[PDB]
Amino acid sequence: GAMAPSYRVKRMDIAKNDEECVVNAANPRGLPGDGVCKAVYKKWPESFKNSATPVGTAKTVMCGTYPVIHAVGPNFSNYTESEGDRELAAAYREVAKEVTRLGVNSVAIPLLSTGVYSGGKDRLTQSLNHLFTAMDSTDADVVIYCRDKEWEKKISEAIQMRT
Ligand SMILES: COc1ccc(C(=O)NCC(N)=O)cc1
Ligand SMILES: COc1ccc(C(=O)NCC(N)=O)cc1
Ligand SMILES: [Cl-]
């Protein structure tokens, strides 16, 4: 574990992380996709060998020795708010099991079920609270990667609020 487990947020490309493993905002089919998924595909394409996995699950594939944890958040265009919420919580619980299993001291993570999976809605608070619920019991340093200047501020405030 980390000596004093922490949360941090950075506004930059998760493909340039300084952590021991990465969480991909994957699709269920292991396709290159767009946004974070496409950035992960460009940096670690070997990790998309048999990466397909259902909604609400996480599947780890090694790129060399570097673990990519493919986490599949629901697409809120297809799910009810109720069922979407349940699957988004579940995907994060599966990320926490994999981070633990791998024995890493740090993990880079994006906010799942945002952007194209958001169903046209700001889900910063919903996605961040499910991330905390899952990762609070892990001792890895968690570095959250974001792509909105306002989101960086709000995520940073939510981390400080709890400390
Ligand atoms: C390539 O990864 C990133 C990382 C961050 C951003 C971003 O913050 N864009 C919105 C803005 N410039 O306010 C975009 C892409
Ligand atoms: C109002 O609909 C939306 C839908 C999606 C977002 C969102 O995820 N923004 C952050 C990002 N692009 O990473 C915000 C608002
Ligand atoms: Cl960058």
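Residue numbers start at 1 and run along the sequence shown.
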Treating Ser118 as the side-chain partner and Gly115 as the backbone partner, does any N or O pair qualify as donor plus acceptor under 3.5 Å? yes
Would you say the side chain of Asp139 lies within less than 4.5 Å of the side chain of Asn105, judging by non-hydrogen atoms? no
Determine whether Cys37 and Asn24 satisfy the following criterion, side chain to side chain contact (heavy atoms under 4.5 Å, CB included), listing intermediate values before the conclusion. CA-CA 6 Å; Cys37 191; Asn24 185 25; 3.7 Å; yes
Using 0.5 Å steps for rounding, measure from the CG atom of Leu31 to the NZ atom of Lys38. 13.5 Å
Worked check of side chain to side chain contact (heavy atoms under 4.5 Å, CB included) between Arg147 and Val36: CA-CA 9 Å; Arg147 295 189 170 190; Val36 164; 4.1 Å; yes
Looking only at atom types and distance, does a side-chain atom of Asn27 sit under 3.5 Å from a main-chain N or O of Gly30, one as donor and one as acceptor? yes
Check: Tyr92 ring centre within less than 6.0 Å of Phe132 ring centre: no
Could you tell me the separation between the CE atom of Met161 and the OG1 atom of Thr163, rounded to the nearest 0.5 Å? 10.0 Å
About how many Å separate OG1 of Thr133 and CZ of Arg93, when rounded to the nearest 0.5 Å? 9.5 Å
Between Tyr66 and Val22, does the side chain to side chain contact (heavy atoms under 4.5 Å, CB included) criterion hold? Intermediate values first, please. CA-CA 8 Å; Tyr66 188 78; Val22 73; 3.7 Å; yes
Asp85 side chain to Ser82 backbone, donor-acceptor under 3.5 Å: no
Does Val61 share a hydrophobic cluster with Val72, counting links as ILVMFWY side-chain heavy atoms below 4.5 Å and allowing steps through other members? no
Please report, to 0.1 Å, the donor-acceptor pairs under 3.5 Å made by any side chain of residues 40-49, with sequence neighbours excluded.
unit_1 : atom_1 : unit_2 : atom_2 : d
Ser47  : OG     : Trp44  : O      : 2.8

Taking a hydrophobic cluster as the set of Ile, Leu, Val, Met, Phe, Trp and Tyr residues connected by side-chain heavy atoms closer than 4.5 Å, whether directly or through intermediates, do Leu131 and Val143 fall within one such cluster? no
Count I, L, V, M, F, W, Y as connected when their side-chain heavy atoms are under 4.5 Å apart, and connections chain through other members. Are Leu112 and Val55 then in the same cluster? no
Tell me the closest heavy-atom pair linking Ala134 and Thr138, and the distance in Å. O-CG2, 4.3 Å
In this structure, NZ of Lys97 is separated from OG1 of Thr57 (nearest 0.5 Å) by 10.5 Å
Please determine whether the number of non-hydrogen atoms from other residues, nucleotides or ligands lying under 6.0 Å from atom CZ of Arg29 exceeds 12. no
Please check if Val142 and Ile155 belong to a single hydrophobic cluster, counting links between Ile, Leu, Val, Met, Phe, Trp and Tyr side chain heavy atoms closer than 4.5 Å. yes
For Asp148, the salt bridge (charged side-chain N to carboxylate O under 4.0 Å, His left out) test, sequence neighbours excluded, returns none
Is there a side chain to side chain donor-acceptor pair (under 3.5 Å) between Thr60 and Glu98? Walk through the geometry before answering. CA-CA 7 Å; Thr60 302; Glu98 286 295 280; 2.7 Å; yes
Is any side-chain heavy atom of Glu157 closer than 4.5 Å to a side-chain heavy atom of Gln160? no
Pairwise side-chain contact, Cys21 with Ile69, heavy-atom cut-off 4.5 Å (strictly under): yes
So which heavy atom on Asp122 is nearest to which on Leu124, and how close? OD1-N, 3.2 Å
Under 4.5 Å between side-chain heavy atoms, counting indirect links through other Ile/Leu/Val/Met/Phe/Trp/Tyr residues: same cluster for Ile159 and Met135 or not? yes
Flag, side chain of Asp141 to backbone of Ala2, donor-acceptor distance under 3.5 Å: no
Does any non-hydrogen side-chain atom of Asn78 lie less than 4.5 Å from one of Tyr117? no
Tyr79 and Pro74: which non-hydrogen atoms are nearest, and at how many Å? CD1-CB, 3.5 Å
Residues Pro5 and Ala140: closest non-hydrogen pair is CB-O, 4.4 Å
With a cut-off of under 6.0 Å to the ring centre and 45° to the axis, is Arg11 in cation-pi contact with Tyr145? no
Validation row: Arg101, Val99 side chains within 4.5 angstrom (heavy atoms): no
Non-hydrogen side-chain atoms of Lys59 and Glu94 separated by less than 4.5 Å: no
Check whether any side-chain N or O of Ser113 sits under 3.5 Å from a backbone N or O of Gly73 as a donor-acceptor pair, and report yes or no. no
Value for OG1 (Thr114) from CZ (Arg123), rounded to nearest 0.5 Å, stands at 10.0 Å
As a test of understanding, state which of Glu152, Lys10, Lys154 forms a side-chain contact (heavy atoms from CB on, under 4.5 Å) with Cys146. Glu152
Answer with yes or no whether the side chains of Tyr7 and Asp136 bring together a donor and an acceptor at under 3.5 Å. yes
Exactly one of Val95, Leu111, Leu88 clears side-chain contact (heavy atoms from CB on, under 4.5 Å) with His130, and that residue is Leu88
